[PDB]
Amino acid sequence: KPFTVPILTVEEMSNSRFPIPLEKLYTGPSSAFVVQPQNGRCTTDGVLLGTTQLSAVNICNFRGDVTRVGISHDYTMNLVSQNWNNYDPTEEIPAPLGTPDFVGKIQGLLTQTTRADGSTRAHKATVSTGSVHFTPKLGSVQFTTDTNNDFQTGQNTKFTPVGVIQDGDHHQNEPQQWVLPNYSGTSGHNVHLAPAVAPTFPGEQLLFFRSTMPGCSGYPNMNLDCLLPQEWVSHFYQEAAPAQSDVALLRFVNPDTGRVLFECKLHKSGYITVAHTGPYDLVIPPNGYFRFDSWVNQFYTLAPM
């Protein structure tokens, strides 16, 4: 089965690490980080990795029942699955599919319906994924909310993420997009992780699909880079085209002129490298798209960006 990537333009696609559109292509140095995201991870032959699932609308969402922590404005959510069935901690994944894969304070609305009478409610809420109470692998996370009394026990509750917050004099100190949470808190180390990725070939860097997360309070670092658009994850999962070598050579083309703007290496394990050093917002026509041209190896020397 011939391998292909989607023909959608960058801005027609979705970030695979938060439910927001892509904005641009970005390359930068990654030696200062361990780049090990768990969402947006999929092999070119369609094997999902980490905590990756198939739709952007589920990323960083949570569902379950809630109970108030003491007499505070915090609530513990006992997680269930996307379709409201019981969560299974025994599954060989790091955490429920779609769980946030960075340390940060994600703000959104926590909503609830009372089944018996159809009454509903919503409150602004934040989940701090660096908190010791962020234990999604164990089946629970904690939210700080704007209420201490309105949520009912035993009722279906959903968190819909919107953006991120920051607090402190050191501006843009959080979120930390390349620091994984401890999915089981202090109780144990992370398990079943998709591997870290790094360029190995001289002169190469990762290519990122970049968005700006909405900021909700303070001075957050709003950059969010994913390794694959969500639509590529879905495409590979469905097509399941066999990888005929370790690397798929892609050309980024202007469809109007037919000219190649740059070329890159899509590694079969699901990430892209380009030949560039330093931070660079790629200059591209908005109708540009990626095209698979041939199967190559990890030592293929790209035309420099």
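All residue numbers are counted from 1 along the displayed sequence. Take the two forms, find the largest set of C-alpha atoms that superpose within 1.5 Å, and that set is the rigid core.
For 24 to 32 versus 55 to 63, the mean Cα distance to the shown form in 4 other deposited structures of this protein after rigid core alignment is larger for 24 to 32. Among other compared entries that model residues flanking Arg121, every one gives it coordinates, keeping it clear of the one-third cutoff. Where the other entries of this protein model the residues before and after it, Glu174 is kept in all of them rather than dropped from a third.
60 to 68 and 257 to 265 differ in mean CA B-factor, and the higher of the two is recorded for 257 to 265. Higher average CA B factor: 90 to 98, of the stretches 214 to 222 and 90 to 98.
Out of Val274, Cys42, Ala32, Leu249, the entry records its largest CA B-factor for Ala32. Across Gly28, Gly50, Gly270, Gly46, the entry's maximum B-factor at the CA atom is seen for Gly46.
Looking at the C-alpha B-factors along this chain, the one for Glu204 belongs to the lowest third.
Looking at the C-alpha B-factors along this chain, the one for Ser55 belongs to the middle third. The PDB entry assigns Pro181 a C-alpha temperature factor belonging to the middle third of its chain's modelled residues.
Among all modelled residues in its chain, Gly118 ranks in the middle third by Cα B-factor. Annotation for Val5: C-alpha temperature factor in the middle third relative to the rest of the modelled chain, per the entry.
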